[PDB]
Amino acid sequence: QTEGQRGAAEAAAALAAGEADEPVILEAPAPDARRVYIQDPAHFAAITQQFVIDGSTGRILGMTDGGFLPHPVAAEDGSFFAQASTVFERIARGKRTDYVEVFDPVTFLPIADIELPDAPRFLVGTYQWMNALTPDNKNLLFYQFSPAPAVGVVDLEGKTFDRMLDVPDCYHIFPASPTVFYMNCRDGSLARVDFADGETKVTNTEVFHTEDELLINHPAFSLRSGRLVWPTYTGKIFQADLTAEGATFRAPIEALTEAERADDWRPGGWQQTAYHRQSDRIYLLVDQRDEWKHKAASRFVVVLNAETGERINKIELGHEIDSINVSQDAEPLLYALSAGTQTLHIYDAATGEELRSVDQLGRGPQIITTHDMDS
């Protein structure tokens, strides 16, 4: 039975009985490990939308309006979800305003609207971890690109803008503790920034890759466990377990086989990396492509052991997909989103089969977000 069918039967009955129609404003079910968010940059449109979906059934719970290239985030425990957005006085022109909003998780009502001084948001195609919430959910950290590298601290508890932290030529943010997060730098290393007690102290780990080794823009990461998974255009994967004390790299795992890498296999798409925390498994979007077609869609997902580097499965999507992620529950779902058809595809992580799809999601849906609350 379909959604619109179940709805019809439901209403036909209410009608058979007395049961009048008393129009009201809904509330979304409680947040669970199966809820997923689909932000939609819409190919650089001045305004955009994000859809909140129940993954177990593919039913839309509600939506959220955002401005220009906004960044979504979701407190792993489900206490809420937010976004950093940008609006203008006259649609796309005039006085700019960057701000952060925090939404009640069931009413979707904006419980906080915090303006960011001097429009400091890095206006850029959206990559999962370019912004992040401290693990204690008391702050939101975003990046500024011009005039100089900087990280803005947004106090979610006191609903206000803290300050800007000056950082090195590094990008992305990966929290590890209430006052420590790491960034990937131009110099080949990671930066460790401690912003505790009103001040910032920066450190640099050792270089863990060469100028020939291109880390993609879409690294996976788990705020809960600290695991960072970062590929290169070839599928080579540097991991690291961020702690606070510092980053402990692991032995690089080639996600693809020399036989595959031998036959043009390469990772491609948008959000191509997924790390299932509770299981320590990794999912990477890949297909056979030219070396300079790294943003095209892919039709396959490779799953492998994050500790051994041994392949567990190679799922065949059946569609041109651009982004993926998985639910953190014990029987994870595999999210496969296509900006080309604005359709989300949902598969059983274990079997790799498609269970259901949800279409008509904006103009070019690209970012998937979930809550890691299961365990």
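Quick note: we count residues from 1 along the sequence shown, nothing fancier.
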property	result
Between the two ranges 151-159 and 94-102, the one averaging a larger CA B factor in the entry	151-159
Residue range whose averaged C-alpha B-factor is higher in the record, 260-268 or 169-177	260-268
Candidate residues 83, 107, 126, 279, the one whose C-alpha B factor the record puts highest	279
Residue, from 217, 139, 184, 205, that the PDB entry assigns the highest Cα B-factor	205
Residue 47 by Cα B-factor - lowest, middle or highest third of the modelled chain	lowest
Modelled-residue ranking by C-alpha temperature factor, third containing residue 313	highest
Chain third (lowest, middle, highest) by recorded CA B-factor, residue given as residue 130	lowest
Record-listed C-alpha B factor of residue 200: chain third	highest
Cα B factor band for residue 73 (lowest, middle or highest third within the chain)	lowest
